[PDB]
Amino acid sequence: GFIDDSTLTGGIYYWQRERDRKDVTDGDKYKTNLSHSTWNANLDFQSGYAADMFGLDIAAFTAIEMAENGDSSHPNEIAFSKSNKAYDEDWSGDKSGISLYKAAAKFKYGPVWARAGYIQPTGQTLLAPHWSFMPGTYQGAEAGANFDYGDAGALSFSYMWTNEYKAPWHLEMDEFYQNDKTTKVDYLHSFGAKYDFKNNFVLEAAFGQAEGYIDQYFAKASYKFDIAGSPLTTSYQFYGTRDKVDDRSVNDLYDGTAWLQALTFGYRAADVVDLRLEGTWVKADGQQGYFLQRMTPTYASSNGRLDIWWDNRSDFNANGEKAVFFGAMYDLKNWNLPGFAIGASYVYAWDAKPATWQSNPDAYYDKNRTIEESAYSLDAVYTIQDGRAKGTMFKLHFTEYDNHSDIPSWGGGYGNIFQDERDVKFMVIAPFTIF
């Protein structure tokens, strides 16, 4: 029951990074952009259900700075921002702290479930937290249902409503606003569904809104089949967004519907190497000039579901842009190094356009330009196989990112693109169980 089925788990985390970026307004100096060493640690209590109907979850984490270079930018998203509320953010520093990231009543009744309080989305909608080591947190509620039809498939759906949020690098919640940071968005809500036909074919879709401002869409089809005894997995994904401000004010983001479509393939070869081939295509006409999967435009103010992630620094999400990604991860078990893996990946993207109009354009703004970007990354991972520290993981990731233009960072009507970088991340993740 509620006591007997309780669990208490957590982890200790270590992160060290060095990233530099080209300033094409001072020669082309690769200047320090991030340089810090930071710890996290968390405790997560999840109760059982009294009478199979009522429970409680409570979880908290701390972040402790260890080193930071004076030229490191802020916030680094592993420590806490010195600005506790997202809409106060002024980019001037980072700090240590303790955050309550889960605190919720949970309910079950037949096929129905619900959660309320300080929560993460967990069902079928398109709301989502940001993830660092730990997730961001919404103030609100979600309810959903699950119906199993045996071999004929299974249906799930849910609805969530929220009026405040905090990213994992913010110690306090803030409300929602339009692009101007002052016109109120009273709530975000979303409804979605999933149908699993139990033949490896699965459909998902969802709709969301930011009150008075943005309508958001999500749809995904996936399928897998065996090729030579091993599954090839495929998916088609659609993300869309439309706004309700088209007067050419600061709050006017998109002309028409903006969207991102994607195709993915995955396959494990010779039972030893995981291969990925993926591509994306974006349309984002209007003042902003890039696609967002979240329903509020300001950095850190909320997040939305996005199943595409290439860990190659850029978002590759500019108006018109096409991108293709290839990744390989090689399991070294047959060299008798079980738990050891090495990888490499590459991206090439073309046809990236800027915003279609600008109110105070800069020297470099050219409505009809197109640009390109590319990147490649290397990866090394080791997970402890047995003993006291079984499952503790060490990871090293290197990216080299190349902007194929001379436009300075964030300039030219390309408001989400920055300049060439080199990035190195080292992390350690050490989970534990108390009971």
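Heads up: residue numbers just count along the shown sequence, starting at 1.
Between 275-283 and 238-246, the higher mean Cα B-factor belongs to 275-283. Relative to one another, 378-386 and 36-44 have unequal mean CA B-factors, and 378-386 is the one with the higher figure. Remark: of 270, 193, 306, 127, 270 shows the highest value [criterion: C-alpha B-factor in the PDB entry]. Annotation for residue 71: CA B-factor lies in the highest third of the chain's modelled residues.
Residue 226: CA B factor in the highest third of modelled residues in this chain (values from the PDB entry). Split the chain's modelled residues into thirds by C-alpha temperature factor. Residue 252 is in the lowest one. Residue 353 sits in the highest third of its chain by CA B factor, as recorded in the PDB entry.
Annotation for residue 64: CA B-factor lies in the middle third of the chain's modelled residues.
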